[PDB]
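**Student:**
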Amino acid sequence: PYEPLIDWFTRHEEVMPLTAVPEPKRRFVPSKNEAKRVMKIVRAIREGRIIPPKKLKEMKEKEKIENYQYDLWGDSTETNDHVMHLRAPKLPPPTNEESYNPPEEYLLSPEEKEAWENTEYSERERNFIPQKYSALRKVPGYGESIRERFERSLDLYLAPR
Amino acid sequence: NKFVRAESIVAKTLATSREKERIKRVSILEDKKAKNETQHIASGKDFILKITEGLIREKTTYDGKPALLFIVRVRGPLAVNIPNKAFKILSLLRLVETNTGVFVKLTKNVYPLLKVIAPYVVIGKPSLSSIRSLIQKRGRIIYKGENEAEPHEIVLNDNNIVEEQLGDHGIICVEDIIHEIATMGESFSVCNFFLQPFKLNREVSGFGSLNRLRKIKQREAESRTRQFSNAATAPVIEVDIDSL
Amino acid sequence: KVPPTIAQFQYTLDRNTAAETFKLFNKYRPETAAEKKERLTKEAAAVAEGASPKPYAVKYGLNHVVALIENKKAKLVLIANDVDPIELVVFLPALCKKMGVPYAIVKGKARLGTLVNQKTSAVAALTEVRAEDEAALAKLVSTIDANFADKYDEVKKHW
Amino acid sequence: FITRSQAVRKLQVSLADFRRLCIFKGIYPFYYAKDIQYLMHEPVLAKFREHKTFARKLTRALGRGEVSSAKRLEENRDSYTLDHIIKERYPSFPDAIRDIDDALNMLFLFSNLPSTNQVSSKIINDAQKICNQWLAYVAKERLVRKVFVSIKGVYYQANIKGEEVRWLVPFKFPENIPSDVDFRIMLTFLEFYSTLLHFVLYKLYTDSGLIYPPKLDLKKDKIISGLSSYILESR
RNA sequence: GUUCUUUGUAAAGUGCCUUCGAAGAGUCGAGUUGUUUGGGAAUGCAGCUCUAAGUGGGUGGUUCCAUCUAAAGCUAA
RNA sequence: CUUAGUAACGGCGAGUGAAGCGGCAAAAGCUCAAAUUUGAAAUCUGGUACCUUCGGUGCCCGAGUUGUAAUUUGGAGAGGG
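The listed protein sequences correspond, in order, to chains Z, F, S and E.
So the first sequence is numbered by full-length UniProt numbering: it starts at 239 and just counts up by one.
Count the second sequence with full-length UniProt numbering and you get residues 53 to 105, 127 to 317, in order.
Count the third sequence with full-length UniProt numbering and you get residues 70 to 119, 125 to 233, in order.
Count the fourth sequence with full-length UniProt numbering and you get residues 15 to 43, 62 to 267, in order.
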């Protein structure tokens, strides 16, 4: 049922191509369809309906520079707190006595330094240890600063008002 | 642990052949330049190319004046393994890691070593804002941790850390480190090995939709804004570090 | 159970050879419809205000190809195995054998489409080539004749 | 009211994109039914869909091997603007200056950040540019009342159209970025506050002060890159 | 009739000389079961079984000769 | 209209019943599939912005090389000169 295909015809390679068709001029000469398209766009440029590729750069070198450069409020008197459902996002509490140079009674006792670290975060009165510094040069870069803005950002859209 | 293809393993050797022969060639002409035996070599002086931004190639000779450079690691070229002469210079400058900067002064001894590592580094004279913003944005200090651990590299957060480690040399703060780095002084060799290297983030920094195309755009911008001379009279390519 | 002239496919070109084929072939991309258009608008801008040589790109219509094999224009032919009607190509590896034109069954009909700006292709062929890659082609050909034509002399037989 | 799940499903939008729109629109929680029901018809949602179409049609070009068409897809790309989103959020100018309290705190933090694979250099340079514009104006028309240097940073108070804004600037040292924080939430807040600040600064300058935007001296930016640079003219 | 525009090495036609020169298959055909006719050379169609050719094939007339080119399509009165 | 109630068939019986020619009415022819645009799918659907809107144009999207356009249908036809 399954004989190997004995290639009785492909065994012998062909020398000449199958047909003796004369090759056209257009296979050697530059294309006339290309010439037709080119001489169509030429007309479109004379008429002015296609702006040339050289000037298209100049149309974007002069434009799209001005972003967000217009007044949108103007004479704006209308308040958005008209429906009672706009809960204004509450400006965070003003900072009370924790400066780089504090009155050193604010500086925490050694027992409460570890007791503060023992308490779980977010159920905690201060997000920081109050510290005393003699010089302004001696003030460290506060490491837990990105954490504070990130947590405030989360408090805006995830915490119920 | 992967299989290594044949094409890669021949490509590495074929590229290191060019790099070993290139480094030896630059080594010979720089050795013959120092010994004043300039009888029959290509050129007995030093040019510096300054490419700025429409890409103007300047050709100015290197003066004897000590200058301030910020060498930036690149990753180039493609199939190359680094030879012994590259391992040495990049160990001394502590630039084994890619995307990593360091400050050095450029003199008549520094400049011959610069031609060896030029296909691996991108150099240039920075400005006061490039230095000052770089130190206040990035900075490492290798010192002791809590009680036991030594290899902690943390951050230039404080100035009292600056006091404890430097102090008596006249350096008290981070801005004083910026002073001795921008202006070539006594404490430059003290603080240069204190900020060991910088950790610059890589360009584009992703493999994906937008990031591949942006890496393609920048990768073709590389060979335009940087050339590999390969000759023994290679002009050192200086680029804008304020832009970079 | 498969008759020998079917599954003369499935015995495709190997991994290393295949990539090297495209290494060559991706060099001969046809211009994209976007690119062709801009080229001509570049011409129109120029020729409206004030020479070119014939451009080599691979050849890709089944017709065009079956024209090209049998006319000797073709040098290398790439034939994708998985095609909706298999019959649409089954003759093609034999035709080429008969006109002595070097052919290789490639794997991935879509993979041909890549090299040619189309969705699929069934068949693409590199007729004419640049001066530098002329040698690259003729060697690839030989590589193909070894690992494909000579390796599978028994592809015309066995069910 | 409606559940988060019911809001996400009703919008037929991803949770991320639901939260992105929620950040832009100023919507907060159970959500309000008429609030989500009002979010549904909005240009920003449609532009998010357009970004998704662009994403696949680019990876189509990239994944095939054609680079020119992909580069062309970048040229034929418009993006969503947060212009009309503020008119419906802060209709009056004094209301926008009541929000600028929290807006200037993100932006002055993001100036003092090393650029990572999370956050590009263009993002930080544009944020720092707005920061310098803000500092230049407040030092121009002389609107400071209170200062407070703390461990955290340095607080300022400013009568900006007579309503006393407050904002915090950290100390100019490298900041250790934790891997804990999510730099995708913060980037959208930056994206909203950034545009809000552009429109605020245009309004301030074109009302009482100067041309917007002012130029910057190149060899001044080479020296300081701070506030003695960036010269600004009145008329 | 009146005008406004016509274009590009654009589109064809004629005669001569040379170089080539592919036209439809589960169809035609054959066997049989029904249907249609007034149909004698089962005509026409259907079902079912089998199923071709290329100096071919289909149809007609006294050993040739004439005649058309199926198995695709459109179309006023 | 005629051919014609003819040829032809019909337990040659109820009977069934054409056609070609001829004369007129009216008249008109044509399109694919077939061998390569291969020096460039040259073709179209749509979306969108305008315009003089049974449509035209630009720009984008797709469809399409398993073939969409030009040329050819035996009355030949095509390649060239």
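All C-beta atoms, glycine included, are put in the ideal place defined by N, C-alpha and C.
1) The beta strand (DSSP E) that contains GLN189/E, what's its start and end?
2) Would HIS83/E be called buried (16 or more neighbouring beta carbons within 10 Å of its own) or exposed?
3) For chain E, check one thing: does any of its Cβ atoms lie closer than 7 angstroms to the Cβ of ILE384/Z?
4) Considering only C-alpha positions, which residue in the set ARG177/E, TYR63/E, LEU248/E, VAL201/E is nearest to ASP134/E?
5) Quick check on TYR225/E - is its C-beta less than 7 angstroms from some C-beta in chain Z?
6) Are the C-beta of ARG104/E and some C-beta of chain S separated by less than 7 angstroms?
7) What residue range is occupied by the uninterrupted beta strand (DSSP E) comprising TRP199/E?
8) For the putative contact between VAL175/S and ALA154/S, defined by C-beta atoms under 8 angstroms, what is the C-beta separation to the nearest angstrom?
9) Roughly how many whole angstroms lie between the Cα atoms of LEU136/E and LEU175/E?
10) Identify which residue in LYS72/F, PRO150/F, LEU142/F has its Cα closest to the Cα of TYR193/F.
11) What does the Cβ neighbour count give for residue 212/Z, buried or exposed, with the cut at 16 atoms within 10 Å?
12) Considering just the uninterrupted stretch of the beta strand (DSSP E) at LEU179/F, what are its terminal residues?
13) Mind checking if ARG249/Z is an interface residue toward chain E, Cβ cutoff 7 angstroms exclusive?
14) For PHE203/E and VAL377/Z, which I take to be in contact (beta-carbon distance under 8 angstroms), what is that distance rounded to the nearest angstrom?
15) In whole angstroms, give me the CA-to-CA distance for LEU81/F and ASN303/F.
16) Applying a beta-carbon distance threshold of less than 7 angstroms, which residues of chain S neighbour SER101/E?
17) With 16 as the cutoff for other CB atoms within 10 Å, does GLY286/Z come out buried or exposed?
18) Kindly indicate if chain E contains any beta-carbon less than 7 angstroms away from that of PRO340/Z.
19) Between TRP166/E and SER260/E, what straight-line distance do the alpha-carbon atoms span, to the nearest angstrom?
20) In the DSSP assignment, the beta strand (DSSP E) including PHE99/F goes from what residue to what residue?
21) Does the beta carbon of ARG96/E come closer than 7 angstroms to any beta carbon on chain S?
22) Are any of the Cβ atoms in chain E nearer than 7 angstroms to that of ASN334/Z?
23) Consider the Cβ of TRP354/Z: report whether some Cβ of chain E lies at a distance smaller than 7 angstroms.
24) What residues in its chain sit with their C-beta under 8 angstroms from that of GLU386/Z, if we drop five residues either side in the sequence?
25) What residues from the segment 163-175 of chain S come within 7 angstroms of chain Z, judged by C-beta to C-beta, listed N to C?
26) Starting from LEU214/S and walking both ways along the alpha helix (DSSP H), at which residues does that stretch end?
27) DSSP three-state label for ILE279/Z, please.
28) Could you tell me which of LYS178/F, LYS158/F, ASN88/F, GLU89/F sits nearest to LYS138/F, measuring between CA atoms?
29) Could you work out which residue in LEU317/F, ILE75/F, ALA305/F, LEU283/F is closest to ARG299/F when comparing CA atoms only?
30) Expressed to the nearest angstrom, what Euclidean distance is found between the alpha-carbon atoms of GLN26/E and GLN20/E?
31) In chain order, what residues of the same chain lie with their CB nearer than 7 angstroms to the CB of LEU90/E, ignoring the 5 residues before and after it?
32) Quick check: what's the CA-CA separation for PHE222/S versus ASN137/S?
33) Note down the Cα distance separating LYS158/F from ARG70/F, rounded to an integer number of angstroms.
34) Can you give me the start and stop residues for the beta strand (DSSP E) that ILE153/S sits inside?
35) Return the CA-CA distance between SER152/E and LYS230/S, expressed in angstroms with no decimal places.
36) May I have the straight-line CA-CA distance separating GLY40/E from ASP131/E, to the nearest angstrom?
**Tutor:** Taking the definition as stated:
1) 186-190
2) exposed
3) yes
4) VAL201/E
5) no
6) yes
7) 197-201
8) Actually they are not in contact, since the Cβ atoms of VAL175/S and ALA154/S sit about 17 angstroms apart, beyond 8 angstroms.
9) 15 angstroms
10) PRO150/F
11) The structure shown has nothing for residue 212/Z, since chain Z only spans 239 to 399.
12) 174-179
13) no
14) 6 angstroms
15) 13 angstroms
16) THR101, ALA103
17) exposed
18) no
19) 13 angstroms
20) 99-104
21) yes
22) no
23) no
24) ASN365
25) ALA168, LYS171, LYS172, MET173, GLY174
26) 208-218
27) helix
28) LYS178/F
29) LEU317/F
30) 10 angstroms
31) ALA102, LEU105
32) 24 angstroms
33) 14 angstroms
34) 150-154
35) 60 angstroms
36) 11 angstroms
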